[PDB]
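A quick note on method: Cβ atoms are made from the backbone with ideal geometry, for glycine too, and the neighbour counts reach across all protein chains shown. Nothing in this text is a laboratory measurement; each read-out follows from the coordinates by a stated rule.
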């Protein structure tokens, strides 16, 4: 079973769920089957195709991590999900999406615009109002001043729903 390797750069955060399944608080915001493999039981180390026909594959546990960390912030999800493909010095050498030089001298590398296509679109499925003009600035930026994972929601008795 091919899988992505963890960065081990943080404290031992409690994340010991089953094989899959996003919490009800994210289900309350998606509601339209935003890649239902994150609801369907498989394995945490299993790779999942992010967008059909793109052949862009991310490990379920890394998409789970992207979703719990960015669960109320769609531009955090973009940052998390892009950094889950541009793991190497590709984005350190090349000036983000559009792959155009910042100087009159060649110092840049082939950036994989196929993962950008899937990530930008997939983040627009999570946020119909999230324009590509934010995403194209963010992909070239890839810098933040704080973690901002402290979403701290509760939503009591939200689990019960009307019959259909």
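Quick notes on this structure:
- The Cα-based radius of gyration and maximum Cα-Cα distance (Dmax) for the range 57-126 are 13.4, 42 Å.
- The chain: angle of helix 113-126 to the longest principal axis, Cα-based, in degrees nearest 10: 30
- Cα centroids of the range 85-164 and the range 34-60: 17 Å apart.
- Hydrodynamic radius of the range 79-164 by the Kirkwood approach over all distinct alpha-carbon pairs: 15.6 Å.
- Projecting label points 7 angstrom from Cα along Cα→Cβ for residue 95 and residue 21 puts them 4.9 nm apart.
- Nearest 10 degrees, 0 to 90: helix 132-141 Cα axis against the chain principal axis: 70
- Contact order normalised by residue count of the chain, Cα under 8 Å, 6+ apart, percent: 21
- Angle between the chain longest axis and helix 60-69 axis [Cα atoms, degrees, rounded to 10]: 80
- Full extension of the segment from residue 52 to residue 107, taken as 0.36 nm per residue of separation minus the current Cα-Cα distance, would add 16.5 nm.
- Note on the range 1-83: Rg/Rh from C-alpha atoms, Kirkwood Rh, equals 0.93.
- Mean separation of Cα contacts under 8 Å (6+ apart) over length of the range 92-140, as relative contact order %: 39
- If the convex hull is drawn through the Cα atoms of the chain, its volume per residue in Å³: 152
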